[PDB]
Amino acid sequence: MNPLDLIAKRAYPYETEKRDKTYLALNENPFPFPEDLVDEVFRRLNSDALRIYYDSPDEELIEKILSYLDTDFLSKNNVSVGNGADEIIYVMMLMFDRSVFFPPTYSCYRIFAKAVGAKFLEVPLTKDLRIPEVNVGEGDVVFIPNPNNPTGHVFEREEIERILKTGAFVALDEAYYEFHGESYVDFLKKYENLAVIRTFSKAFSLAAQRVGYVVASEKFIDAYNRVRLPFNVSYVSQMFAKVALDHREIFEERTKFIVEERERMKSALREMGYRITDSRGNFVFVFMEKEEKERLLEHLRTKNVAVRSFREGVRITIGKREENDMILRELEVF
């Protein structure tokens, strides 16, 4: 009884979001999952398959993932899935002795670390958003989203490479890979102490279905597979990811619109005089002085607009054109 309250008080309280009319605070894709693809999924659905325990990493889903990665060195043994990239990170924290990340970073790193009671360390990035000096080695997992959350800034190659050389296991969280070009998947050829985490959540408009995947060494994937829940991804969720990848041209078009919308907003913000990051994610970040930031949030709240607030300022997710314009119009006049 008493120790359970001790469990609480150690982790952040569970809360749910109350979405405003124009929600741009969770990096969700602006467009719904394509309706004809939902119908495709409905049609490929074998009602008899619902009653069975369905191989979470589906054999054909791995194939599609491989296909998508389009490398010449990967095999099914280098890939696995997660109930969202969230679970991959979560279980990864169960696997290593200590988790290491650098704020500003994906806020769930801290939450999940405290949730599972894992030992972790937060070393802040330089004022230049560069990876600080740190003492890590085999035993630690270093979580590096890249593009970074919520800055969306892209780290330099020697930066990851440095951590990589320390023998520490790097978990390159490529949650925003799709909205940026590069990917360190190829690095899997030189380093074994690395894992690339992806999701269907941002570019495939499937955040509600929870599908993440990991590309890494056979030894890691095997380890991961022994630690994760056996059936972590539903038959229907996998079906959504497979259909999704069968029509990637569709989402390539949406991603292009998102990026073209990101740069448009980034340009407009500079013109207005705001300090912003060189975000390669599906969002933009604005540096603001607390007091002027708070003033901006109150104004936006008055207009049913929700963005993500941060110590450094605000993170704005890219939405539909009329939402992006709205953000610009309210920022202009303020």
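Numbers for residues come from their place in the sequence shown, where the first is 1. For the two forms, the rigid core is made up of the largest set of C-alpha atoms that agree within 1.5 Å on superposition.
Farther on average from this form in 4 other deposited structures of this protein lies stretch 291-299, the comparison being between 291-299 and 278-286 by RMS Cα distance after core superposition. Rigid core fits of the other structures in 4 other deposited structures of this protein place the C-alpha atoms of one stretch farther away on average; of 167-175 and 153-161, that stretch is 153-161. Taking the PDB entry as given, 183-191 carries the higher mean Cα B factor of the two stretches 183-191 and 229-237. Mean C-alpha B-factor is higher over 270-278 than over the other stretch, the pair under comparison being 270-278 and 24-32. Which of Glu87, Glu174, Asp128, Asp246 has the largest Cα B-factor in the deposited entry comes down to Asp128. Out of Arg51, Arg308, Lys290, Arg301, the entry records its largest CA B-factor for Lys290. In the deposited entry, the Cα temperature factor of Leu94 places it in the middle third of its chain's modelled residues. In this PDB entry, the Cα temperature factor of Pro13 sits in the middle third of its chain's modelled residues. In the deposited entry, the Cα temperature factor of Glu59 places it in the middle third of its chain's modelled residues. The deposited CA B-factor of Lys256 belongs to the highest third of values across its chain.
In this PDB entry, the Cα temperature factor of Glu178 sits in the bottom third of its chain's modelled residues, the lowest group.
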